[PDB]
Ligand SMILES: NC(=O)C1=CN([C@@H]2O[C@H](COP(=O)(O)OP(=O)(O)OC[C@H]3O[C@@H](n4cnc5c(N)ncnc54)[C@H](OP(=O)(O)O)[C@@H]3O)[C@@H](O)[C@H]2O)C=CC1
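One chain follows as structure tokens, the form deposited without the named molecule.
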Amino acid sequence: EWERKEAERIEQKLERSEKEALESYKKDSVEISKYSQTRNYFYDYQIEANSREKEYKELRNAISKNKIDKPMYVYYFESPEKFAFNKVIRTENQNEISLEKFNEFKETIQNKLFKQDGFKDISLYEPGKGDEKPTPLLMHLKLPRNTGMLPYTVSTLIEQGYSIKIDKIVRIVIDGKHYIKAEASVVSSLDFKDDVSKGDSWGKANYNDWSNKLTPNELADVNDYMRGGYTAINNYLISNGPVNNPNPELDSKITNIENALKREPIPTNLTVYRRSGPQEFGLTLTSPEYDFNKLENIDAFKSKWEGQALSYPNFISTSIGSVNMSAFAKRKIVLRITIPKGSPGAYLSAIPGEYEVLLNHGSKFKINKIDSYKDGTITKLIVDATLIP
């Protein structure tokens, strides 16, 4: 009975606007949690206009009012699809999980990072007979120190917003039913999501002096790229020009830009966002395979790319923010890239001349997970990828 009273006490910690958001969450948690997962991929004014945005902000703040002084382990059920295992571990009318499935799931999640986002109800205890157990996959996640956790009436609300790795899997039994329990932990990353102004503040802070660290040749070539020279340079790289139609002048610009990007490496794990056209994924601009309003096109896309490596011949322009922009209005693919500390890269928008981080030509990305979301009536994809050192 002490948990129910303790939750009551926790709500009294909150400001009244935050209490108001929690009460709305108590009545309906499904639509707000769904919203909290993909809210940051819309335009900034589209976010501001959303009927659920005030509730999201207040609930986010509410959670931050109750931070743990030490790492804490939480339990919650998850769909294997969340980890790019697009088939059942077992059916829900089954008790057993085959050891082949166990090894297959292990092979899938092995040595990969997976982005987790949005509101989630957790438990501090292992689930038993009475509790709802909707899937065969039970997450046991180590939350890093200073993470908010909101007990309410009893369940507990958290907001995910981090890369996770599954270190170990174990087979457990509850009421005769077998589950995969997945031991997971958080790998820290800077992720500004929709807050482009804070992102831009970071970028300027980390790259304000970068220009001064460049040689005159390097500075000239970085300037030329930013001013529109990127089209010639990237078209030349994409068509394999250096081999089949060499341009020694363009090759020299490319070398200089590459060197500039290696001068001041990305100092911390950083998440960036690229709105990708069809060509980067091997589709023509006119491709009927590029339309993700049809489910068959999504299936085909995952089958080609999910769990596979993707190399870019050209330099890769990304944003520190995940927000949609007019320049990328048509594009149906958000490439969400985690950059490991030490990678070549630069915030180009530190030079006067929006929100651009440039990654080195010839970079390879490991596509961990692909998901779809609705932006009005256009289905778009979110490609969760890691830049390979």
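Numbers follow the displayed sequence, beginning with 1.
What comes next is about the form deposited with the named molecule bound, which does not appear here.
- If you check the named molecule in the bound PDB entry, you find no heavy atom from any of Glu53, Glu55 and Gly161 within 4.5 Å.
- Of the candidate stretches 214-222, 193-201, 74-82, 230-238, only 230-238 contains residues with a heavy atom within 4.5 Å of the named molecule in the bound PDB entry.
- Contact check for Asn256: every heavy atom lies farther than 4.5 Å from the named molecule in the bound PDB entry.
- Contact check for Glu289: no non-hydrogen atom falls within 4.5 Å of the named molecule in the bound PDB entry.
- At the 4.5 Å threshold, heavy atoms of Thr153 stay clear of the named molecule in the bound PDB entry, well away from it.
- Contact annotation: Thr147 falls outside 4.5 Å of the named molecule in the bound PDB entry, judged by heavy atom distances.
- Among the residues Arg274, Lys302, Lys120, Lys115, the one placing a heavy atom within 4.5 Å of the named molecule in the bound PDB entry is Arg274.
- Here is the short version: of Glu183, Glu264, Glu280, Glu306, the single residue with a heavy atom within 4.5 Å of the named molecule in the bound PDB entry is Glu280.
- If you take 292-329 and check each residue for a heavy atom within 4.5 Å of the named molecule in the bound PDB entry, you get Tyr312, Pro313, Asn314, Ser317, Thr318, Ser319, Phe328, in sequence order.
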